[PDB]
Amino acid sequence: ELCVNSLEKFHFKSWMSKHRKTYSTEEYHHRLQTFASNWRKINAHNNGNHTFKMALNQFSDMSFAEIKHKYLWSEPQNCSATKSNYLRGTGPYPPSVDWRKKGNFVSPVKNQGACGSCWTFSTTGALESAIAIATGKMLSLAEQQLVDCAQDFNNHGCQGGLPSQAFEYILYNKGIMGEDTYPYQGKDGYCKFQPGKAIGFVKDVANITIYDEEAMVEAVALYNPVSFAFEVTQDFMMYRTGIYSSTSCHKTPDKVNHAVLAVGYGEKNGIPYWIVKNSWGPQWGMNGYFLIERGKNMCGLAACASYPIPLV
């Protein structure tokens, strides 16, 4: 049990109003304890020497147990595969790539809410980019269709799923609707797919070999943003800026629990990194993005990467 100082208290009061919270007197006390505990972890981290900084955000009054139950996958997915189809060509590759800068090729940052549906945002993000790169038309595709309808490809709505499986669903389903006709609800609903309203389509699915991080480099450089999954741990939730890395996350496919979208890569002070779009809204991290160290299979990010070839 912590002794909470008045600085922490006054900041928790502001945080509650900013995030529109109400607590009973008895839950307020437990929430304040978690907030103060995170406050000190953030300060202790930022006051030391690290390649990334932490900060307060929408998760700051939650324990990681609660975060995991509400926001991350509730079960491991079938990330491990003994077969793939992507075969890498030859380097070297550009020193840095950023599909956000090449043109209008990356959609705005979205918010998955209290639902483990990040695999659906990773999927729509990758396909939105692919269609924009191929046609100059930037769409916004319906994550909720994947949440509600993609179960025949071993996806599980708000419990989790995989981009490669979702790309196959879109391929065999003959398309995905837009956000405009199938709006996002942040919970498991009834499938409302209408064939004549599909606006995005998949021709092929590229699966990158397990641990083949260099093929990810090539695919981002040459073709498309790349969907991938990694293991989120407690420190990552409070990521603010810089190059994320961790010595406690695992690197294996059975431990990944969060899907995202690599939109580029670079290097800073000798440290290679990935530029990654998240789905926790534009005020998380670096305007909704994070950097994560490249070349080390960091947190298992090279375990099951994939991207689509659009039918246009």
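From 1 onward, residues are counted along the sequence shown.
Stretch exceeding the other in mean C-alpha B-factor - 68 to 76, 134 to 142:
The stretch with the larger mean CA B-factor is 68 to 76.
Going by the B-factors listed in the PDB entry, is the mean over the C-alpha atoms higher for 85 to 93 or for 144 to 152?
Result: 85 to 93.
Going by the entry, which of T252, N57, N257, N278 has the most elevated CA B factor?
It is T252.
Highest Cα B-factor in the PDB entry belongs to which of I42, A262, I271, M286?
Within the set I42, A262, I271, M286, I271 shows the top C-alpha B-factor.
Against its chain's modelled residues, does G113's Cα B factor rank lowest, middle or highest third?
Middle third of the chain for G113's C-alpha B-factor.
Sorting the chain's modelled residues by C-alpha B-factor, tell me whether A302 ends up in the lowest, middle or highest third.
CA B-factor rank for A302: lowest third.
Pull the Cα B-factor of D212 out of the PDB entry and bin it into the chain's lowest, middle or highest third.
For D212, the deposited C-alpha B-factor lands in the middle third.
Place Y23 in the lowest, middle or highest third of its chain's C-alpha B-factors, as listed in the PDB entry.
CA B-factor rank for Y23: highest third.
Third assignment of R240 from its chain's C-alpha B-factors
Ranked within chain, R240 CA B lands in the lowest tercile.
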